[PDB]
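What follows is one chain in structure tokens, specifically the form deposited in one PDB entry.
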């Protein structure tokens, strides 16, 4: 046969893969965490978006920290041999390196570790995408006028906000990040490589959104998503 290039992930397996969406809206009173109004819009937007990308979507709502860990562990034990990739979307409260279950914290590292190259062999060499809509701290952006492979390889963490910053969510339209991500995937998934789609998501969030709050401290704030890529190849959702 002719010259062959290995610069893009093989996305023509019988199945695209699983898309696990963990949607935490209601938290136990004991935690003191507020309800995340608008997150259901995000969950629905994501379900439709990934359905059109041919992913086997599994929506999970209001999971405890124990349920999140159990779910991810079970999913990592499945046979992903016929799947091209794996996607996990986390919608909840959070801190740097932490995502909140309805009853408490879950170390993000604990979740992702289940899918490490040496722990989930059927996903070795395949893109493992983690889309995270959650705060990464308490800072506000005021803006400005106008042989072997690493076990950590092939992971992509699409964070909604910069490290150490709050992440914004509109109670009616959903989070700024998820709204933008779904819109860009809808328009460009059959045309652009994933990093280029995420770059347009960064531009959309950075330019089209600004907070409105009755509290001056939280008013007129901005947000820039953070793409963290350990991917080793170009990722196109389409093939042929």
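Residue numbers count along the first chain shown, from 1.
This next part talks about the form deposited with a partner chain bound, which is not shown.
K.L.:
Please check if residue 181 has a heavy atom lying within 4.5 Å of any heavy atom of the partner chain in the deposited bound form.
P.N.:
No, residue 181 stays farther than 4.5 Å from the partner chain in the deposited bound form.
K.L.:
Is there a non-hydrogen atom of residue 40 within 4.5 angstroms of a non-hydrogen atom of the partner chain in the deposited bound form?
P.N.:
Judged by the heavy-atom cut-off of 4.5 Å, residue 40 is in contact with the partner chain in the deposited bound form.
K.L.:
Taking heavy atoms and a 4.5 Å cut-off, does residue 69 contact the partner chain in the deposited bound form?
P.N.:
Contact with the partner chain, no.
K.L.:
Should residue 59 be counted as a contact of the partner chain in the deposited bound form, where contact means heavy atoms within 4.5 Å?
P.N.:
Yes, contact at 4.5 Å.
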